[PDB]
Each structure stands twice: as C-alpha cells, then as structure tokens.
Asks: 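I am attaching a structure below and will ask some questions about it afterwards.
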Number of protein chains: 2
Amino acid sequence: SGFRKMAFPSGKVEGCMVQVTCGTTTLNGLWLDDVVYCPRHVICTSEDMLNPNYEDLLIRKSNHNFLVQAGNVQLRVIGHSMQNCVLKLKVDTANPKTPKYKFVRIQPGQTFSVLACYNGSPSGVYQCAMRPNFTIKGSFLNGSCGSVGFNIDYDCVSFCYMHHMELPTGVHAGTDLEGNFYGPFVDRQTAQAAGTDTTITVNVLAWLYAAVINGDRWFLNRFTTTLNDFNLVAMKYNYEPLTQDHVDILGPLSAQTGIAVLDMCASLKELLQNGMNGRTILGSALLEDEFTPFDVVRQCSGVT
Amino acid sequence: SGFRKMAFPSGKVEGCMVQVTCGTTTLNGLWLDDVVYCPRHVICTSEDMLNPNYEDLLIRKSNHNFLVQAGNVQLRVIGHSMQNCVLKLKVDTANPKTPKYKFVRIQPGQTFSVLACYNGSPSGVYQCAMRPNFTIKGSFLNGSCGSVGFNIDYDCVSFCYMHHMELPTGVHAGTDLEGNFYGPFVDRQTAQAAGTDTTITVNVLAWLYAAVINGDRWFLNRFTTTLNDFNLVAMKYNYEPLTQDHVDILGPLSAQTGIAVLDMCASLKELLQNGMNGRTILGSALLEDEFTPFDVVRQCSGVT
Ligand SMILES: *CC(=O)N1CCN(Cc2ccc(Br)s2)CC1
Ligand SMILES: *CC(=O)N1CCN(Cc2ccc(Br)s2)CC1
C-alpha cells in the first residue's frame with residue numbers, strides 16, 4: 001500500500017550524461033551510440049541569446065570547439081550538425097553504456113522522469129508532466145540545460161524531453177530529442193508567456209482511483225453525472241474536457257475498483273464544487289494531475 | 001528556479017539489487033562486496049509470521065537453500081548469518097558494481113531516497129522521511145521487502161533503510177542495514193500501532209525558505225515570535241518543538257534570504273493558526289515537511 005510520486009530508476013540515463021562546453025558555456029549532453037545530443041544555445045554568448053542567428057553562429061564553430069567530457073575522459077568530436085534546436089555531435093566512440101532507447105514526442109498530460117544534471121553530473125530525479133500549455137514544472141538552475149526527460153518500458157528508455165529554458169514565470173520549456181520545442185516556445189530570451197495551465201482531468205480521475213485502491217475513500221458519494229454535465233464543471237474550473245477516449249483509458253481502474261468512471265467523475269465534480277473541507281487524499285490537499293492511468297496501474301501492480 | 005521533491009540518482013543502488021528466494025518467499029537483497037543483505041523474514045512461511053522463532057527457523061536452512069540471482073546469473077552462497085532482523089548471505093563473488101558506501105542509522109526528520117524493487121528489479125525511486133513516530137510513508141506492495149533507502153554524498157552511498165513491513169494503517173516500518181528496526185516495530189504480524197505522526201517543524205521552515213527563494217512569498221508577514229511562543233503553537237498543532245539546534249541549522253537559509261529564522265517561525269505560526277485560505281506554496285496546499293535544510297540548500301545550489 002501507499003502511493004508516491006515515483007520516477008523511473010535513473011541508472012540507464014546516468015550512463016548517458018556528459019558535459020558539453022563551447023567557448024565558456026557548459027551544459028549537459030546525451031551520449032547515445034556515437035552521437036551526443038545537446039541544446040544548440042551551447043554556442044551562444046548571453047549577448048547572442050536576445051536574437052541569435054544559430055546558422056550564422058554555428059559557421060564560426062569547428063568540431064574541436066565542442067569540448068565533450070564523459071566523467072573525466074574527453075570524447076573526440078568528428079562531426080557536428082544542427083537539427084531544429086539541438087546539436088548532434090558525432091564522437092569517435094559509441095557510448096558503451098548506451099541502453100536500448102527510442103526518441104518519442106509526448107502529448108500534453110503524459111508524465112516522464114527528469115534526471116536533473118549539472119556539468120554532465122546527475123543531481124537528482126523527479127517526475128513531471130507535459131502541461132496542456134506545453135510547459136513543465138521542473139527544478140532547473142543555470143547549467144541544468146540538456147538534462148533529459150524519459151520513460152522506461154522494461155529495458156527501453158524512451159527519451160521525450162531535453163531542457164532548454166525557464167520562462168520569467170518560473171516554468172520550463174524544452175524540446176523532444178529531434179530538437180522541436182513543445183508548444184510555441186523558442187530558444188531566444190524574449191516575451192514568451194505560458195497559456196492557461198489547465199488541469200489534466202483524466203490524471204486526476206486516475207489518482208482518485210489510486211486513492212480508493214489505497215484506502216482513501218471519504219470523497220466517494222451517492223452521485224453520478226454524464227460526460228456533457230461533468231464537462232460543464234471542468235470548463236468552469238479550467239479542467240481539460242473529458243472524452244470517451246479518457247473514459248476508455250480509465251476502464252481497467254474502473255474494472256478493478258468496481259467504481260464506474262462517471263460515478264468517479266461525480267466525486268470529482270463535488271470536490272471541484274465544494275473543495276476538500278480541510279481533508280487530504282493520498283497526503284495531498286489539492287487534486288493531483290501528474291499521474292497517468294498507466295502510472296496508477298504500474299505503481300499499484302509493482303511493474304519493473 | 002522551481003522546487004521539486006527530488007530523489008538521488010538511483011544507478012549506484014540499481015547495481016546492488018538482487019533477488020533472494022528461500023523456499024517459496026522471494027524478496028530483494030542488497031549485494032555489497034561479497035555480502036547480500038536481506039530481511040530475515042525471507043525464511044518464513046506466512047504461517048510462521050504470527051510468532052516466528054527466527055533462530056529455530058534458520059537452523060533448518062543451509063547456504064544452498066538461499067537462491068540469490070543478480071539479473072539472470074545465480075550467486076553461490078558460501079555463508080549465512082543473522083544480525084538482528086537481517087540476513088547476511090556471504091557469496092563467492094564481490095559485486096563488481098559495489099559503489100563506495102556506508103551504513104548509517106538516520107534520526108527522525110532525516111530524508112532519504114527509496115528504490116522500490118520487485119524480484120530484485122527496480123520499479124521506481126521516490127523521496128521519503130523517517131517520521132517522528134519511526135514509520136515512513138512509502139509505496140511498497142508484496143515482494144518490495146528488502147528495497148533500501150539511501151543518501152548519496154558525491155560518490156558515497158549511505159544506506160539507511162531496508163523495507164520489512166506494512167502496518168494495518170498503510171505506513172511502513174523497516175531496519176537500518178545492521179538489521180535494527182527504526183522505532184519499536186518487530187518483524188511479526190501483530191498489533192503494532194504507529195504513534196502520533198508529528199510534523200517536522202525544521203523541515204517545514206526549510207521548505208518555506210525554498211518557497212521564498214523561488215518567488216512564493218505571499219505568506220511572509222510583519223510579525224516575529226520567540227522559540228517559547230512558537231513552541232506553544234507547535235504543541236497545539238502536533239509539530240516537533242523547535243530547538244536552538246534547528247535555528248542554527250537554518251542559519252545558511254536565513255543568511256541567503258535575509259529572513260531571520262524567528263520571523264519565518266512567525267509566518268509558519270500564522271499559517272498554522274489561519275491555514276492557507278485556498279492558496280498554495282510551491283504547488284502544495286499543505287505545509288511540506290519532507291525537505292531538510294540540507295535538501296533545500298542542495299537543490300537550490302545544484303549540488304551533484
Ligand atoms: C538551462 C540552462 O542551463 N541555462 C543556462 C544557459 N541559458 C542560455 C545560454 C547559453 C549560452 C549562454 Br553564455 S547563456 C539558458 C538557461
Ligand atoms: C514487504 C514484503 O514484500 N512483504 C511480503 C512478505 N511479508 C512477510 C513474509 C515473508 C515470508 C512469507 Br511466506 S510472508 C512481509 C511483506
């Protein structure tokens with residue numbers, strides 16, 4: 001029993017973290033096979049970051065300008081290229097610790113683990129979600145850029161995030177491993193405001209199921225609702241509209257607890273309308289939305 | 001910016017996890033040098049667990065009865081002994097992935113990372129605290145026993161916890177790596193009630209400092225208090241008494257933010273007396289008490 005915000009074990013990703021230095025900017029890179037992936041703003045002077053022309057800035061850089069260090073050993077750079085907002089540095093040595101891996105672009109509402117790194121050294125690991133506004137709520141200081149987000153399916157690491165920037169509101173923007181930003185964000189120091197941070201309804205419902213499975217039940221009521229009725233309440237409280245797709249995904253949690261999805265929706269509706277009246281759910285005083293239905297099943301069934 | 005509940009990177013501990021089977025009970029073991037550490041209840045039949053005599057049960061076990069598997073490779077057991085509530089299985093091979101390590105017994109209020117494992121395979125990593133009642137609030141299903149808690153100081157893993165049992169109230173009890181239980185708990189299926197789960201005051205204050213450092217400031221007020229006055233409020237709300245020792249430990253966070261510890265105490269006093277009036281602090285609607293002053297400094301300064 002017990003339900004915790006849980007990150008994937010980070011060992012497989014720890015083995016991929018390196019330090020990348022171009023001029024006097026040091027950040028993190030991801031070493032997979034004979035390629036090191038890092039944010040392209042590694043080539044910038046803070047001066048450059050107001051309106052950088054990355055193609056023009058990169059022309060001034062040679063393979064020998066990219067200093068790549070895996071622990072205390074230097075990697076020899078034999079090629080470099082820009083793909084969207086990331087640099088691919090070809091090195092002469094395949095990373096012997098390369099796990100089985102994929103590059104995936106996640107949808108908003110999907111969760112992943114971040115391995116926060118500084119100078120190619122891991123500091124810690126925490127669980128995040130791609131917000132509906134395409135930001136993440138991370139923990140990233142200067143030097144953390146090039147830290148990556150990932151999911152693990154048994155033996156295969158799916159990399160989904162590379163950290164690139166902090167908005168003035170203290171939230172985080174980055175790319176997939178093809179260097180495409182999540183949302184409308186650019187690697188430029190400019191006016192970039194996040195949109196509405198809407199709540200991930202399907203995740204809150206997943207987490208209500210997790211609560212019931214672990215003995216927190218005070219919020220179950222005698223009520224039911226419809227998708228259309230519930231969605232009127234979701235609109236009012238800046239919750240994502242719930243779809244039949246979301247209901248279908250909650251099917252297994254429904255089946256295990258014997259609580260119909262629309263009944264749990266009615267519980268969530270009362271919680272939205274009435275708040276928690278100073279009570280808690282799985283040690284939280286707000287509705288948690290960074291567990292997916294897949295996350296709740298995984299943790300509740302002890303998958304490795 | 002941003003502040004997250006952050007676990008240590010788990011790679012160094014992943015390399016130490018094995019599976020231990022005695023008869024038909026499988027749980028996790030910790031392989032360090034040529035010793036595998038595991039809970040002694042691995043020798044029990046669920047029958048035994050009502051009133052087990054571990055010394056008598058162990059006499060029926062031989063080295064060849066302890067099946068120890070590191071991934072898909074079996075370790076040869078050449079010795080076994082009981083130390084308090086753990087078994088030490090001597091194997092013929094030193095773990096080549098043994099990190100630099102220590103065994104430490106933590107005090108209540110200290111935080112650590114758990115690597116949840118099943119059948120010697122890591123499922124995930126989360127951050128815990130030794131509660132003042134000597135329980136932890138974990139995520140542990142059947143098969144998770146022998147999962148370990150740890151801290152990392154640069155290169156040295158300090159193991160502080162091995163998981164042994166769940167109380168009927170859904171909270172967790174275990175041992176240090178010398179096999180001594182935290183608190184009064186025994187490895188017997190009996191009437192074991194946790195005492196008062198008091199709040200770790202010094203940690204809440206550490207986390208209020210972390211909030212100020214990351215721009216959450218609405219809860220700063222015009223007030224101050226004294227240790228004795230604050231402690232009257234802590235008593236009323238089942239908070240640990242704050243000592244000069246705690247004030248001294250908060251010294252660096254005080255110095256960095258320029259908010260005197262007793263002023264932050266007065267903020268905490270108003271929060272206790274008035275609640276958060278539907279507001280949040282670092283994305284929480286309750287007062288977080290599982291960050292130490294050391295944790296806040298580490299995360300706020302990017303230590304690896
Ligand atoms: C995420 C992170 O580490 N940083 C620091 C770098 N910053 C952009 C810059 C790159 C080169 C220089 Br000089 S400034 C983004 C945030
Ligand atoms: C923490 C954990 O995995 N478990 C399962 C084992 N249980 C005690 C027992 C050991 C042998 C048998 Br059969 S039952 C404690 C909780």
Side-chain angles (χ1 to χ4, degrees), chain A residues 1-2 19-29 38-50 52 54 57 85 87 114 116-120 123 136 138-148 161-168 172-175 185-190 192 302, chain B residues 1-2 19-29 38-50 52 54 57 85 87 114 116-120 123 136 138-148 161-168 172-175 185-190 192 302:
Chain A
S1 207
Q19 180 189 74
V20 180
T21 310
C22 204
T24 83
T25 313
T26 299
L27 43 60
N28 308 280
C38 75
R40 69 175 177 172
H41 70 220
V42 72
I43 71 181
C44 294
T45 71
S46 60
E47 308 76 292
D48 294 318
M49 277 299 290
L50 294 174
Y54 287 101
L57 288 170
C85 297
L87 302 180
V114 175
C117 295
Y118 296 96
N119 308 136
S123 38
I136 73 172
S139 177
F140 296 110
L141 303 171
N142 290 344
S144 68
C145 272
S147 297
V148 296
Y161 183 85
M162 185 166 269
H163 187 48
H164 288 241
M165 50 181 19
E166 188 166 62
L167 303 190
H172 300 114
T175 68
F185 302 118
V186 295
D187 46 3
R188 193 200 165 198
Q189 186 179 328
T190 193
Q192 309 198 71
Chain B
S1 207
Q19 180 189 74
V20 180
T21 310
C22 204
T24 83
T25 313
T26 299
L27 43 60
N28 308 280
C38 75
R40 69 175 177 172
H41 70 220
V42 72
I43 71 181
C44 294
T45 71
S46 60
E47 308 76 292
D48 294 318
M49 277 299 290
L50 294 174
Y54 287 101
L57 288 170
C85 297
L87 302 180
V114 175
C117 295
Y118 296 96
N119 308 136
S123 38
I136 73 172
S139 177
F140 296 110
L141 303 171
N142 290 344
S144 68
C145 272
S147 297
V148 296
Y161 183 85
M162 185 166 269
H163 187 48
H164 288 241
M165 50 181 19
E166 188 166 62
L167 303 190
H172 300 114
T175 68
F185 302 118
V186 295
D187 46 3
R188 193 200 165 198
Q189 186 179 328
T190 193
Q192 309 198 71

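Read the numbers this way: they start at 1 and go in the same order the structure lists the ligands and their atoms. Chain letters run A, B, ... following the sequence lines, proteins first and then strands; every chain starts at 1. Heavy atoms only: backbone and side chains are in, while hydrogens, waters and symmetry mates are out.
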Asks: From the options A/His172, A/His164, A/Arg40, select the one whose nearest heavy atom is closest to atom 15 (C) of ligand 1.
Replies: A/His164
Asks: Please walk me through it: do B/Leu57 and B/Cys44 pass side chain to side chain contact (heavy atoms under 4.5 Å, CB included)?
Replies: CA-CA 8 Å; B/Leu57 288 170; B/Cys44 294; 4.0 Å; yes
Asks: So does B/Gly138 get a backbone contact from the side chain of B/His172, meaning a donor-acceptor N/O pair under 3.5 Å?
Replies: yes
Asks: With backbone taken as N, CA, C and O and side chain as the heavy atoms from C-beta onward, which portion of B/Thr45 lies under 4.0 Å from ligand 2: side chain, backbone, both, or neither?
Replies: backbone
Asks: Which residue and atom name correspond to the protein heavy atom nearest atom 9 (C) of ligand 2, and how close is it?
Replies: B/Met49 CG, 3.9 Å
Asks: Please report the interatomic distance OG(B/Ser147) to CG(B/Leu141), rounded to the nearest 0.5 Å.
Replies: 10.0 Å
Asks: Nearest heavy atom to atom 3 (O) of ligand 2 wins, so pick from B/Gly138, B/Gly143, B/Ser147, B/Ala173.
Replies: B/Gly143
Asks: Checking the side chain of A/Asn28 only, and the main-chain atoms of A/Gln19 only, is there a donor and an acceptor separated by less than 3.5 Å?
Replies: no
Asks: Can you tell which part of B/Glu166 has a heavy atom less than 4.0 Å from ligand 2: side chain, backbone, both or neither?
Replies: neither
Asks: Run the numbers for me: atoms of ligand 1, each under 4.0 Å from some heavy atom of A/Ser144, listed by number.
Replies: 1 (C), 3 (O)
Asks: Measure the CD-SG distance between B/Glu166 and B/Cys145 for me, rounded to the nearest 0.5 Å.
Replies: 9.0 Å
Asks: Given the rule in the side chain to side chain contact (heavy atoms under 4.5 Å, CB included) test, do B/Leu87 and B/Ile43 qualify, once you have shown the distances and angles that lead to the verdict?
Replies: CA-CA 10 Å; B/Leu87 302 180; B/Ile43 71 181; 3.7 Å; yes
Asks: Does ligand 2 have any atom that is closer than 4.0 Å to a heavy atom of B/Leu27?
Replies: no
Asks: Which heavy atom of the protein is the closest neighbour of atom 13 (Br) of ligand 1, given with residue, atom name and distance?
Replies: A/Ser46 N, 3.1 Å
Asks: Looking only at heavy atoms, is any part of A/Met165 under 4.0 Å from ligand 1, and if so is it the side chain, the backbone, or both, or is it neither?
Replies: neither
Asks: Atom CG in A/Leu27, atom NE2 in A/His41: separation rounded to 0.5 Å?
Replies: 5.0 Å
Asks: Checking a contact table here: which protein heavy atom is nearest atom 2 (C) of ligand 1, and how many Å away?
Replies: A/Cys145 SG, 2.7 Å
Asks: Just need the protein heavy atom nearest to atom 5 (C) of ligand 1, so name the residue and atom and give the distance.
Replies: A/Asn142 OD1, 4.0 Å
Asks: Would you say A/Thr175 and A/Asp187 make side-chain contact, with heavy atoms under 4.5 Å?
Replies: no
Asks: Quick one: SG on A/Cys85 to CE on A/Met162, what's the gap to the nearest 0.5 Å?
Replies: 12.0 Å
Asks: I need the atoms of ligand 1 closer than 4.0 Å to a non-hydrogen atom of A/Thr25, numbered in the order shown.
Replies: 10 (C), 11 (C), 12 (C), 13 (Br)
Asks: Using a strict 4.0 Å cut-off to heavy atoms of B/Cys44, name the atoms of ligand 2 that fall inside it.
Replies: 11 (C), 12 (C), 13 (Br)
Asks: Tell me: protein heavy atom nearest atom 7 (N) of ligand 1, and distance?
Replies: A/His41 NE2, 4.3 Å
